[PDB]
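Enquirer: Handing you this structure, nothing more for now.
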Amino acid sequence: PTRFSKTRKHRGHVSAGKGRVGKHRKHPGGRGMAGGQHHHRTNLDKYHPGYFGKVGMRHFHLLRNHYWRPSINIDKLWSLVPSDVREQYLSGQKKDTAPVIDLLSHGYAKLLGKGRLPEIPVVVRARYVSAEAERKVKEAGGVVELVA
Amino acid sequence: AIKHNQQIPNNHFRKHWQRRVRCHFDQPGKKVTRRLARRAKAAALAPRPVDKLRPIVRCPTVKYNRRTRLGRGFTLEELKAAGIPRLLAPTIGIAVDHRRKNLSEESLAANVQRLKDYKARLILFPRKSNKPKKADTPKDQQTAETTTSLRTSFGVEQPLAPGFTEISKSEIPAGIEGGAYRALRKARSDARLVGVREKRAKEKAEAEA
RNA sequence: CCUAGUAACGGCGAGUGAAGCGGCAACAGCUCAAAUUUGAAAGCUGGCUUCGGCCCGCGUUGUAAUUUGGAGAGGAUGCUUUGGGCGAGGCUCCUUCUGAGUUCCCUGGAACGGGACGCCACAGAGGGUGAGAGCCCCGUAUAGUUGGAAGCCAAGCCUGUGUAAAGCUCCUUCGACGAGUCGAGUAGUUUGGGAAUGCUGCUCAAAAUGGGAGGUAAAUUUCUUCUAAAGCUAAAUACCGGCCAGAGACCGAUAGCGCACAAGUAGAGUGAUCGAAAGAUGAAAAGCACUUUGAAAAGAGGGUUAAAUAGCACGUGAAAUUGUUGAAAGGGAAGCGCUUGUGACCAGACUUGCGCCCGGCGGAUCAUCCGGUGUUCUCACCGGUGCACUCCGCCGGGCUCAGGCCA
RNA sequence: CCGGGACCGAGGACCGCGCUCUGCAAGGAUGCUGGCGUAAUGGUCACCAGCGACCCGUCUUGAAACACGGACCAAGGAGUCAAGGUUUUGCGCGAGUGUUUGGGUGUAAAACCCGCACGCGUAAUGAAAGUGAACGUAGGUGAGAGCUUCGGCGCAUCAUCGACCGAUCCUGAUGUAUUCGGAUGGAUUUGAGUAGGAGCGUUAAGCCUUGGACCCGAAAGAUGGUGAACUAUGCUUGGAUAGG
RNA sequence: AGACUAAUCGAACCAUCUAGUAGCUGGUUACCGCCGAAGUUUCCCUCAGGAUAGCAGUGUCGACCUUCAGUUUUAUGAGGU
RNA sequence: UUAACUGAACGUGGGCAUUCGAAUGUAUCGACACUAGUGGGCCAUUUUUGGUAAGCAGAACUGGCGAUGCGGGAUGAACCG
RNA sequence: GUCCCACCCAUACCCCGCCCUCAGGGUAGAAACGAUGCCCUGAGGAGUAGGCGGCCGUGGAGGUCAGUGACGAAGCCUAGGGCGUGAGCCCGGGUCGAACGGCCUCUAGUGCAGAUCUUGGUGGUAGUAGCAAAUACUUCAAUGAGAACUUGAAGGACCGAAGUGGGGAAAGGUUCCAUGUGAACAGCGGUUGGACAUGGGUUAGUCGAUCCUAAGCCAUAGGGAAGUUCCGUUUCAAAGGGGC
RNA sequence: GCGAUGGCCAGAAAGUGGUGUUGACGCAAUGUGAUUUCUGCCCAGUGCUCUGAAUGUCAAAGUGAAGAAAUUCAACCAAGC
RNA sequence: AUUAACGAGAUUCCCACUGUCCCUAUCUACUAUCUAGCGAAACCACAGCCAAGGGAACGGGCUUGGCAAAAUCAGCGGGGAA
RNA sequence: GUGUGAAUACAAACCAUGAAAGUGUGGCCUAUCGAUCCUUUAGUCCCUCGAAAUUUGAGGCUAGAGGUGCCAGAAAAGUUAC
């Protein structure tokens, strides 16, 4: 909508708000990132430190699929079972059954461990697992298998 | 000419891009044309479905390894096991994949089940009405409700194996002897040192003897 | 569409920049060289023929059948499969036909305008007729209906039939597979391709479990996946150049294409080429008969029209600039701001209102009660009774209050 | 304590502070009277009169300038659009969010419905192989709006001392494919981290980059074509120039 | 003679690339209200120009925290005009 | 760290307000976000450098013109109010 | 030169009225309110470059006024009125002939004095500069509305055979002749015209072109070049013509 | 400078061209400028030209050695300098 | 270095000649001039009397003074930094 | 309140000197010098060459050197009197 924009309030004032001494010429300073090392160095060194230079080794023909392994913490593990079944377990009316959660189906590969866990035995099937995660799931009463 | 804190721009507008701009102002119009073509195709193939049977297939990378999907055609070994002539198969709507082959036995077993229950649901009008043959339909179980999609009636039942199950306590197994984190570390280090360890062993035996 | 502004290239500066996987649209598979039919060139252009054939020619330095890696050839074994002719009925194209007022009054030159009364509607999209017309006219909506030509799809019927050809299951053994090509060195160009991604020129020039590829140069030993140097084939995709059709929160004659008009025309240059300006009388020309002045162009009367303040220099007709009439000022500029004065011209406001007393006129009907209805449930409406010191309207006289401008 | 003059009259029932207290000069003007009821008061325009008054736009420390543009009138005439960022305002959902590449349907370029994948966010750090976030009621201290049984509990945020994850430098337990593994404990080191999630889509404004980029403006450079009717040189074929 | 090559020659004329680039001249269209500057520091083949800090506007949030001050007094230090 | 519970930092508990320990003001407290113009200056009292001097060139604290009309110096951006 | 009385006026100071901006308060058992309203109190107002807020106009789109109009819509003229501080809005009088407004949202090719701006039109200068090379005209009569530049007769002159004579090549294209004629052209006039209108006019065995070659151009045999095409004209060619 | 297997010059190339229907009393490239009288010294510098005994320098290809290979190390080495 | 002849080549002197000059005067033709007919252009912020002052340091406009009378014709080259 | 040059006070090691307390992180103090890319050396015994191994080769991480004097750092000869 152009009916309310600052260009409609400039009609009648010569120079259209761009100044009388500096007249808004075409390209004073150069096009693009010109002068990066010469007259725009102050900007490129107060901000963006690290722009120039080379670092690290290179890698020909990277295939991103080789590096697919999304993770999941340990406090969100209980959010993988439906709500109605979940409340039955946490409220304490089963006492004799344990859920076998399969991370791979729900789209996870590694089970990291960050939070706490309630003292109910479970069974986890993962591709990768961390040292801290293993300890917590084991002291709760369950075990973790490797499935590939 | 940067003036403030911004993100360093990179806009690939430096050729004569204005000469190659594509606008899709005919999105609804095309849709209408496609639907007209489908109805014409459906009317030409009067009693037959529109699509063609595909087999079940597992995705080929380590990512996406879990899901399954439809393939292109059935392999020659699959057709032979179900007992279907090599040349008759394409005519009756079953496809064929010149260049796929079966390594395991679950995909083989899955696909032969697919063919077998399809042949049970297949009618087959004779080539001439006045002279029926032995492999044709006997003209009395010939009137029934038919399907036309063949993608919904024969799609993948479940791409991903059930998320979770339940088992009685005191039936949960025990892990690997020492941990399940030490198991991974050990299995990694072994493959790292396969070359050196074997070489050292071989030299000692030959040198001693 | 996403991968992705990612891996990578780059005076590693400015900048440049793909591919695999994943979801969908559309789906369709195949033929030649390398084999001896060898118990019978079984093949083909041309000419003549009466339609059955014949003649010359091509060709054994290889024309048909058979085979193309999915295999296949050669063997057994038992099963199964294969020709013609009709054809209801349906789908495309053009062409015949389709409901309702011009009723009554007013303004107007002319109703398609205003008022009163009606009718049709699977049709109130659009245009014309003397001004905004659903019913004056063309068309518009729905499924049939008149007639005709050429094609397609197709329910189901009637007919032959073998040692000709085809398909499946097993096997000792065989199993032919594209050369100045692949590859290497060197030079140039190009790519994101980095001890060199593709292409091309020059030099060297292969092999049979061989060869290529496996994104960092080399040697040794394994592994994975395909089978090049011969060929054909619809659909999803691009485009307004050609032929047609439907539309727009687009422009409205200095705009919109250079062109709404006898526009790529008139015109300029030796030439390649450059390239405009220009829409609108009135409903209907009814485009001014006749008299008179003038050599004529034309003028004045007189006519047509609702209007000539529409007269082919024609709808409406602004400003710059000019003429006539009326008013005013002017001793080397004019215009302008604050404040009076003279002259000309002019908008407002006031011209009564309310109340009380007395007299006259006319009317239905004040308080109260009874019945019915509504509603905010205690306040009202309608019908009857109520009949003159009650109520209402008007006129005449008197009185209080207020109301315009300057002081 | 008594005179003389000028300018002004805002507000619109009582409510107040007071005094000389049947009232008042106390929280803002009333009373009596005259002429005229129209050009009289008032307004617009033209002219004379007293005082004042250099031509606009622009560059510039400085313009009325002997600085530049401008004879007059009518119409045309200049910060826009797209992709990608960023902060702020309004809206929907919320650990999730986003239908429209596509399909179904339709009174048909409208409106309505559908879901597999996918993008951003939910986890960081190293060049990399890799590893990967709780001792405490998710800590202690000083302030903090608010609540409170009055003792205290203390959101957001500010300052400070600690704890945990990755990288770097030391330390080197039980074990053992005897050369593999790296527990435990430290360090004037380091991170775009954790420590009871805040994001995704869309609307509007300012700003930035590439684009013809607010509008008009070069001396040059390249690709492809047309000219010896003037003039330069030459070839073939012709013509012309008294009398001493 | 840098002379002539269609009034054009120290490199002809015509169309396209082409709206070629400009740190340089010129212009940039209605009204009212509130706030209201700089020609200075550092860097650049920088000196008719840019980035950076400063001066300015708008939008807010935390309290109404009771803190602050281009100033004076009292006590106590430094200076070489 | 010291010969040492001798110190150093951070602390628990208690005591000292009856008056929180000079004047004046508080017509303006703290923090954050995004961004415009500017980056040629000139004049004056006092101090002062080069120059014979200049309506010349170059500096320090402050006040002005630029960006500002009004009354006075007859006239005049910088003077007096 | 020093001292002492009175007096004169700034947009400065004091008091009062009015406008706006900013700040602080009151207003529901609602007899209540464009609550974005009303009422009470105090202070302030200069400004280029620049920032923000509020309002007014133009061309189109959705909704609504059951809006105006041939008994006169839009447009234009008007020292005729009213409103607003202002951009602007509303009415009276004249001309004209078919469509047009108010309110809330959406949308943009949206507001002009300048740019030696673009196109079109018109002025002062101004009835001014000027219409002066090539020796030159005069009398009578006729036609005609009108005669210096039409015709006849008579005078006076010039070109003075390297002519202002008589014919041609290039170029021009009906300009040649007759009859008639309003306006336009013949830089004055015009009955006259190379102008305007209507008709007519160019005859070849003997004059040319057609035939032959010159300087030169282009096919064929061949060889280059990605190609449009460049070379090649007797060349490394099986190239013909005469009789019955 | 040149005896045609050649000198000077055109062309992208060619079974292509100009000088050339030419052959040193000729073709091609330069300087001075009638006649008369003359035209001195300098080969260090910049150019042009001449002979390869001298080995100083030296590319691709070729030769020898090490290595399992990529590769590295050595001689030999045309014209020009 | 000289050099006969030649030159619309540059330079100095002499004889004859003359309005080049002392020093100006007169005559003829065609315009300019007036009339009848026809009839443009450059240029132009507004315009057009001076002296001094200050000012962007040389004003037509400002301040202080001088002054100041309609409408016009032929010449002129100070100024309008034409 | 960026970089370069230079400087100050500690911490953890290993040392010199002195009987000892102590002193010493270049010259008694104020100047004496240098980015990205590339090459080269030192260090661990470290990571990678992405089908799997072993040795060559190459690429990485940390610290120095090869230099920009226009010294916050382009690679660069004249004339125009056409």
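Chain labels run A, B, ... following the order of the structure tokens; each chain numbers its residues from 1, and ligands are numbered from 1 in the order shown.
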Any idea what's packed within 12 Å of region 88-94 of chain B, counting only C-alpha atoms (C1' of nucleotides), ignoring anything in its chain fewer than 2 positions away? Could you give it as a PDB file with C-alpha atoms (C1' of nucleotides), in the first residue's frame?

Expert:
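Generated output (selection-v9.pdb):
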```
ATOM      1  CA  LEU B  45     -10.006 -48.509 -20.483  1.00  0.00           C
ATOM      2  CA  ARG B  48      -9.892 -52.275 -16.303  1.00  0.00           C
ATOM      3  CA  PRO B  49      -8.212 -50.145 -13.636  1.00  0.00           C
ATOM      4  CA  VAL B  50      -6.061 -47.193 -14.626  1.00  0.00           C
ATOM      5  CA  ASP B  51      -2.763 -47.950 -12.871  1.00  0.00           C
ATOM      6  CA  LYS B  52      -0.488 -51.017 -12.851  1.00  0.00           C
ATOM      7  CA  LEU B  53       0.614 -53.208  -9.950  1.00  0.00           C
ATOM      8  CA  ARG B  54       3.947 -52.299  -8.350  1.00  0.00           C
ATOM      9  CA  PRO B  55       6.051 -54.275  -5.845  1.00  0.00           C
ATOM     10  CA  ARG B  72       8.946 -50.124 -10.631  1.00  0.00           C
ATOM     11  CA  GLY B  73       8.363 -53.786 -11.473  1.00  0.00           C
ATOM     12  CA  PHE B  74       8.527 -57.384 -10.345  1.00  0.00           C
ATOM     13  CA  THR B  75      11.699 -59.366 -10.940  1.00  0.00           C
ATOM     14  CA  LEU B  76      11.840 -62.384 -13.225  1.00  0.00           C
ATOM     15  CA  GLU B  78       9.393 -63.458  -8.475  1.00  0.00           C
ATOM     16  CA  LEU B  79       7.183 -64.112 -11.506  1.00  0.00           C
ATOM     17  CA  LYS B  80       8.474 -67.671 -11.904  1.00  0.00           C
ATOM     18  CA  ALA B  82       4.208 -67.341  -8.466  1.00  0.00           C
ATOM     19  CA  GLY B  83       3.765 -69.336 -11.674  1.00  0.00           C
ATOM     20  CA  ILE B  84       3.080 -66.598 -14.218  1.00  0.00           C
ATOM     21  CA  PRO B  85       4.157 -66.637 -17.889  1.00  0.00           C
ATOM     22  CA  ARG B  86       6.958 -64.185 -18.634  1.00  0.00           C
ATOM     23  CA  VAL B  96       8.074 -56.370 -14.889  1.00  0.00           C
ATOM     24  CA  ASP B  97      11.533 -55.153 -13.845  1.00  0.00           C
ATOM     25  CA  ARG B 114       1.333 -60.016  -3.365  1.00  0.00           C
ATOM     26  CA  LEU B 115       1.036 -61.825  -6.710  1.00  0.00           C
ATOM     27  CA  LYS B 116      -0.846 -64.817  -5.322  1.00  0.00           C
ATOM     28  CA  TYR B 118      -3.896 -60.653  -6.801  1.00  0.00           C
ATOM     29  CA  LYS B 119      -4.440 -63.581  -9.169  1.00  0.00           C
ATOM     30  CA  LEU B 122      -8.564 -61.180 -11.129  1.00  0.00           C
ATOM     31  CA  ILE B 123     -11.376 -61.680 -13.621  1.00  0.00           C
ATOM     32  CA  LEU B 124     -10.466 -62.516 -17.220  1.00  0.00           C
ATOM     33  CA  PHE B 125     -12.913 -62.107 -20.097  1.00  0.00           C
ATOM     34  CA  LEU B 150      -5.171 -49.817  -7.514  1.00  0.00           C
TER      35      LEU B 150
ATOM     36  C1'   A C  28       6.145 -48.813 -22.768  1.00  0.00           C
ATOM     37  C1'   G C  29       8.792 -51.418 -24.381  1.00  0.00           C
ATOM     38  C1'   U C  81      -2.321 -71.567 -27.290  1.00  0.00           C
ATOM     39  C1'   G C 167       4.148 -70.868 -24.579  1.00  0.00           C
ATOM     40  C1'   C C 168       5.786 -73.519 -19.526  1.00  0.00           C
TER      41        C C 168
END
```

Enquirer: Near chain A, which residues of chain G fall within 9 Å when you count only C-alpha atoms (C1' of nucleotides), and what do they look like as a PyMOL selection string?

Expert: chain G and resi 49-50+107-108+110-112

Enquirer: Quick one: residues within 12 Å of residue 306 (chain C), only C-alpha atoms (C1' of nucleotides), excluding same-chain residues fewer than 6 positions away - as a ChimeraX atom specification?

Expert: /C:108-110,282-283 /G:70

Enquirer: Since we have the selection now, will you write its residues out, keeping C-alpha atoms (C1' of nucleotides), as a PDB file, in the first residue's frame?

Expert:
```pdb
ATOM      1  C1'   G C 108     -40.951  16.187 -23.719  1.00  0.00           C
ATOM      2  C1'   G C 109     -39.290  17.281 -30.687  1.00  0.00           C
ATOM      3  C1'   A C 110     -39.159  11.788 -29.598  1.00  0.00           C
ATOM      4  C1'   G C 282     -28.082  16.747 -36.089  1.00  0.00           C
ATOM      5  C1'   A C 283     -32.745  11.782 -34.149  1.00  0.00           C
TER       6        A C 283
ATOM      7  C1'   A G  70     -33.948  15.889 -19.733  1.00  0.00           C
TER       8        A G  70
END
```

Enquirer: Can you list every residue in region 69-193 of chain B that DSSP puts in alpha helix (DSSP H), as a PyMOL selection string?

Expert: chain B and resi 76-82+88-91+106-119+182-192

Enquirer: Contacts of residue 16 (chain G) at 12 Å or less, counting only C-alpha atoms (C1' of nucleotides), minus same-chain residues fewer than 5 places along, as a list in words?

Expert: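 After dropping sequence-adjacent residues, the list is residues 7, 8, 9, 10 and 28 of chain D.
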
Enquirer: Could you dump the residues just selected with C-alpha atoms (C1' of nucleotides) as a PDB file, in the first residue's frame?

Expert:
```
ATOM      1  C1'   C D   7      -8.601  49.582  29.311  1.00  0.00           C
ATOM      2  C1'   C D   8     -11.397  45.259  30.576  1.00  0.00           C
ATOM      3  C1'   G D   9     -16.869  42.344  32.375  1.00  0.00           C
ATOM      4  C1'   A D  10     -13.958  35.951  31.252  1.00  0.00           C
ATOM      5  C1'   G D  28     -15.726  37.064  37.426  1.00  0.00           C
TER       6        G D  28
END
```

Enquirer: May I ask you to extract the residues of chain B within 10 Å of chain J, using only C-alpha atoms (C1' of nucleotides), and to give them as a list in words?

Expert: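 Filtering chain B at 10 Å from chain J with only C-alpha atoms (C1' of nucleotides) gives residues 194, 195, 196 and 199 of chain B.
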
Enquirer: Restrict the selected residues to C-alpha atoms and save them as a short mmCIF file (atom, residue, chain, number, x, y, z; two decimals), in the first residue's frame.

Expert:
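result-v2.cif, written as the output of this step:
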```cif
data_model
loop_
_atom_site.label_atom_id
_atom_site.label_comp_id
_atom_site.auth_asym_id
_atom_site.auth_seq_id
_atom_site.Cartn_x
_atom_site.Cartn_y
_atom_site.Cartn_z
CA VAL B 194 42.80 -54.69 11.75
CA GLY B 195 45.74 -54.12 9.39
CA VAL B 196 48.47 -53.63 11.99
CA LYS B 199 50.64 -58.04 10.02
#
```

Enquirer: Define the interface residues of chain F facing chain A as those within 10 Å, counting only C-alpha atoms (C1' of nucleotides), and report them as a list in words.

Expert: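 Result: residues 36, 37 and 38 of chain F.
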
Enquirer: Would you mind telling me which residue in B:5, B:183, B:59, B:168 lies nearest to chain F when using only C-alpha atoms (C1' of nucleotides)?

Expert: B:5

Enquirer: Near chain B, which residues of chain D fall within 6 Å when you count only C-alpha atoms (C1' of nucleotides), and what do they look like as a PDB file with C-alpha atoms (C1' of nucleotides), in the first residue's frame?

Expert:
```pdb
ATOM      1  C1'   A D 109      -8.472 -18.555 -12.835  1.00  0.00           C
ATOM      2  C1'   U D 209      22.411  -5.396  -1.430  1.00  0.00           C
ATOM      3  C1'   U D 210      21.883  -6.829  -6.630  1.00  0.00           C
TER       4        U D 210
END
```

Enquirer: List as a PyMOL selection string the protein and nucleic acid residues near region 63-73 of chain D, meaning an atom at most 12 Å away when only C-alpha atoms (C1' of nucleotides) are counted, but skip any in the same chain fewer than 2 places from it.

Expert: (chain C and resi 318-321) or (chain D and resi 54-60+75) or (chain E and resi 25-27) or (chain G and resi 113-117+120-125) or (chain I and resi 43-46+55-56+58-62+80-81)

Enquirer: Please identify all polymer residues within 10 Å of residue 129 (chain C), counting only C-alpha atoms (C1' of nucleotides), omitting same-chain residues fewer than 5 positions from it, and present them as a PyMOL selection string.

Expert: chain C and resi 112+136-137

Enquirer: Next, dump the selected residues to file, keeping only C-alpha atoms (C1' of nucleotides), as a PDB file, in the first residue's frame.

Expert:
```
ATOM      1  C1'   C C 112     -36.421   3.737 -22.971  1.00  0.00           C
ATOM      2  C1'   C C 136     -40.572  -3.577 -29.425  1.00  0.00           C
ATOM      3  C1'   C C 137     -36.311  -6.597 -32.205  1.00  0.00           C
TER       4        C C 137
END
```

Enquirer: Based on the backbone DSSP call, show me all residues of region 32-144 of chain B assigned strand (DSSP E), as a list in words.

Expert: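 Of region 32-144 of chain B, the ones in strand (DSSP E) are residues 56, 57, 58, 68, 69 and 70 of chain B.
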
Enquirer: Could you work out which residues of chain D fall inside 7 Å of chain A? Count only C-alpha atoms (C1' of nucleotides), and format the result as a ChimeraX atom specification.

Expert: /D:127,133-134,209

Enquirer: Fewer than 3 positions away in the same chain doesn't count, so skip those; otherwise give me all residues within 10 Å of residue 138 (chain A), counting only C-alpha atoms (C1' of nucleotides), as an NGL selection string.

Expert: (:A and (121-123 or 133-135 or 141-144)) or (:B and (179))

Enquirer: CA of residue 175 (chain B) and CA of residue 145 (chain A) are how many Å apart?

Expert: 6.4 Å

Enquirer: Provide as a list in words the residues of chain E at most 10 Å from chain B, counting only C-alpha atoms (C1' of nucleotides).

Expert: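 Taken together, these residues fit the definition: residues 50, 51 and 52 of chain E.
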
Enquirer: Smallest atom-to-atom distance to chain B: which of C:98, C:200, C:305, C:16, using only C-alpha atoms (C1' of nucleotides)?

Expert: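 For chain B, the nearest of the candidates is C:16.
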
Enquirer: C1' of residue 46 (chain D) and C1' of residue 79 (chain G), how far apart in Å?

Expert: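 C1' of residue 46 (chain D) lies at a distance of 7.6 Å from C1' of residue 79 (chain G).
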
Enquirer: With 9 Å as the limit and counting only C-alpha atoms (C1' of nucleotides), what residues in chain C lie close to chain B? Please list them as a list in words.

Expert: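 On the chain C side, the interface is residues 5, 16, 21, 22, 70, 153, 156, 157, 167 and 168 of chain C.
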
Enquirer: Selection from above, C-alpha atoms (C1' of nucleotides), as a PDB file, in the first residue's frame, can you write it?

Expert:
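After the write, result_34.pdb holds the following:
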```
ATOM      1  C1'   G C   5      23.151 -20.702  -1.698  1.00  0.00           C
ATOM      2  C1'   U C  16      30.722 -17.937  -9.105  1.00  0.00           C
ATOM      3  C1'   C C  21      18.986 -39.952  -1.942  1.00  0.00           C
ATOM      4  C1'   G C  22      13.156 -38.176  -0.941  1.00  0.00           C
ATOM      5  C1'   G C  70      16.248 -60.837 -19.715  1.00  0.00           C
ATOM      6  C1'   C C 153     -15.622 -47.231 -29.670  1.00  0.00           C
ATOM      7  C1'   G C 156     -23.215 -60.142 -28.407  1.00  0.00           C
ATOM      8  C1'   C C 157     -23.692 -63.652 -32.470  1.00  0.00           C
ATOM      9  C1'   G C 167       4.148 -70.868 -24.579  1.00  0.00           C
ATOM     10  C1'   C C 168       5.786 -73.519 -19.526  1.00  0.00           C
TER      11        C C 168
END
```
